[PDB]
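Trainee: Pasting an experimental structure, sequence included:
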Amino acid sequence: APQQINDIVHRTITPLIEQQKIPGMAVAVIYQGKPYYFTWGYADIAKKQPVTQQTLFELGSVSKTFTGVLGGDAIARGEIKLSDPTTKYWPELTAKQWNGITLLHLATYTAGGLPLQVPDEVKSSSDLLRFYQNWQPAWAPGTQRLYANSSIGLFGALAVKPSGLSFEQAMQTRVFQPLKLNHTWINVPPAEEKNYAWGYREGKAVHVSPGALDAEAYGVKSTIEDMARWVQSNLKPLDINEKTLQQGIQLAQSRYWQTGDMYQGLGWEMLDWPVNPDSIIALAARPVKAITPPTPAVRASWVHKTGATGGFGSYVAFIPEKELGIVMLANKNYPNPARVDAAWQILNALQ
């Protein structure tokens, strides 16, 4: 890499790894559109396997960016509309609280307090229906944001219904394959296990457990190379040949709601750039202001998403107007502020 990139990345990341006791980490910097890769430490401590550019990490909630884009693609295809009632795609959802809750609300965590987690006890399709039928909103739709797997997770599941495909099949065919993300998986195949890092939680090697709506909310695994390509694709959607996918990416970066300095997209979250680094809790309820109509993707944005599983911590941030971005994948779930601080140090130095 150019020495400037080499130096700021190493001088930022090495101390981070030391301070947070991160076993293994991969970083990609996208600079003037080109990717530069860095790796440290161990994918598997016990087996002494190093992190490489082919190592798979659990993205955790960074998966929601894929879900948002897949949903965007389904909108572009005319298969769904964000203004559609949820009940249009799940008629069995007959309980009265669902009147007025749209796909937009599900996608953007504004349905009225859907909970962060789908309970472990919810497994079958019948269990899932029961759960949503019994849920009692605390708030009217479109008034408060509460970040929630059960919200965007349901959005993802419903968004693919008209397609006839499973969520996984839709994601593969419509998102992963066209973008050549050939080492990105909802379910890691046996052939790829050699490259699947272990996560570390309290010193124990762990992988994400199966759960309802896992694929949709937190279940993607990917390499640093594929994630760099994901950032490139989101930085420059116009280079994407597939029309509805190009559109879907644009829709996911539209600004639907504002809370403080942040704007909610589909999966992605955005702030105006330049962004006060200080501007970038188990449950955090915030009133939202509707952006009527949503602002199309603003190039002068800090666009980002954090993600965690029990054993992994991921972060992606990019600035379209600067053709600049970063992916940080680690096999420990370390504090979000440390992720953002490191990303900002690096991108600020390069912009």
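Mentor: Looks like it came in fine. Numbers count the residues shown, from 1 in each chain.
Trainee: next one: stretch 262-271 to chain centre, how far?
Mentor: In terms of CA atoms, centre = their mean, to the nearest Å, the gap separating the centre of stretch 262-271 from the centre of its chain is 11 Å.
Trainee: now do stretch 321-339
Mentor: Offset of stretch 321-339 from its chain centre (CA atoms, centre = their mean): 12 Å.
Trainee: For it, what is the spacing between the initial and final residues?
Mentor: In stretch 321-339, first residue to last residue: 22 Å (CA to CA, to the nearest Å).
Trainee: Kindly report the same for stretch 303-317.
Mentor: This stretch, stretch 303-317, spans 6 Å end to end (CA to CA).
Trainee: same question, stretch 48-62
Mentor: Termini of stretch 48-62 sit 27 Å apart (CA to CA).
Trainee: Flag every buried residue along it.
Mentor: Within stretch 48-62, the residues scored as buried using 16 or more other CB atoms under 10 Å are 49, 51-62. Every C-beta, even on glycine, is put in place using the N, C-alpha and C of the backbone.
Trainee: now stretch 264-276
Mentor: 264, 265, 266, 267, 268, 269, 270, 271, 273, 275.
Trainee: tell me the contacts of the residue nearest to residue 222 when sequence neighbours are not counted?
Mentor: Closest residue in space to residue 222, ignoring its immediate chain neighbours: residue 184 at 4.2 Å, by CB to CB, 6 or more residues apart in numbering. With contact set as CB atoms under 8 Å, 6 or more residues apart in numbering, residue 184 has these partners: 176, 220, 221, 222, 223, 226, 230.
Trainee: would JSON lines of these with distance to residue 12 be doable?
Mentor: Listed next are the contacts of residue 184 as JSON lines, based on distance: CB to CB, whole Å:
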{"residue": "176", "distance to residue 12": "30"}
{"residue": "220", "distance to residue 12": "25"}
{"residue": "221", "distance to residue 12": "25"}
{"residue": "222", "distance to residue 12": "22"}
{"residue": "223", "distance to residue 12": "21"}
{"residue": "226", "distance to residue 12": "23"}
{"residue": "230", "distance to residue 12": "21"}
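Trainee: Name the nearest of these relative to residue 18.
Mentor: residue 223 (24.1 Å; CB to CB).
Trainee: Residue 182 is in contact with the closest one, correct?
Mentor: No: the criterion here is CB atoms under 8 Å, and residue 223 misses it with residue 182 at 9.4 Å.
Trainee: The residue nearest to residue 222 and residue 60: what is the separation?
Mentor: For residue 184, the distance to residue 60 equals 14 Å [CB to CB, to the nearest Å].
Trainee: got it, and residue 250?
Mentor: Here residue 250 is placed at a distance of 25 Å from residue 60 (CB to CB).
Trainee: What segments of the stretch 51-200 of the chain are strands?
Mentor: 57-58, 144-145, 199-201 (DSSP state E, counting those that start in this stretch).
Trainee: My error: substitute the stretch 251-351 of the chain in the last question.
Mentor: With strands called from DSSP E, counting those that start in this stretch, the stretch 251-351 of the chain shows them at 255-259, 262-264, 269-272, 286-287, 289-295, 301-309, 312-319, 324-330.
Trainee: which of those is buried the deepest?
Mentor: Most buried of the strands of the stretch 251-351 of the chain by mean neighbour count (mean count of other CB atoms under 10 Å) is strand 324-330; its value is a mean of 28.
Trainee: Parallel or antiparallel, list what pairs with it.
Mentor: Under the criterion DSSP bridges, strand 324-330 sits next to strand 24-31 (antiparallel), strand 312-319 (antiparallel) in its sheet.
Trainee: okay if I get the ones you listed as CSV plus distance to residue 101?
Mentor: Below are those laid out as CSV (distance: least, CB to CB, whole Å):
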stretch, distance to residue 101
strand 24-31, 37
strand 312-319, 29
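Trainee: Minimum distance to residue 201: which of the ones you listed has it?
Mentor: Nearest to residue 201, of these and by CB to CB, is strand 312-319 at 9.1 Å.
Trainee: Give me the distance between that closest one and the centre of its chain.
Mentor: Relative to the centre of its chain, strand 312-319 is centred 9 Å away, using CA atoms, centre = their mean.
Trainee: that older thread, just put the strands of the stretch 251-351 of the chain in CSV and tack on distance to residue 99.
Mentor: As requested, those are exported to CSV (distance: least, CB to CB, whole Å):
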stretch, distance to residue 99
strand 255-259, 21
strand 262-264, 23
strand 269-272, 28
strand 286-287, 22
strand 289-295, 19
strand 301-309, 31
strand 312-319, 36
strand 324-330, 41
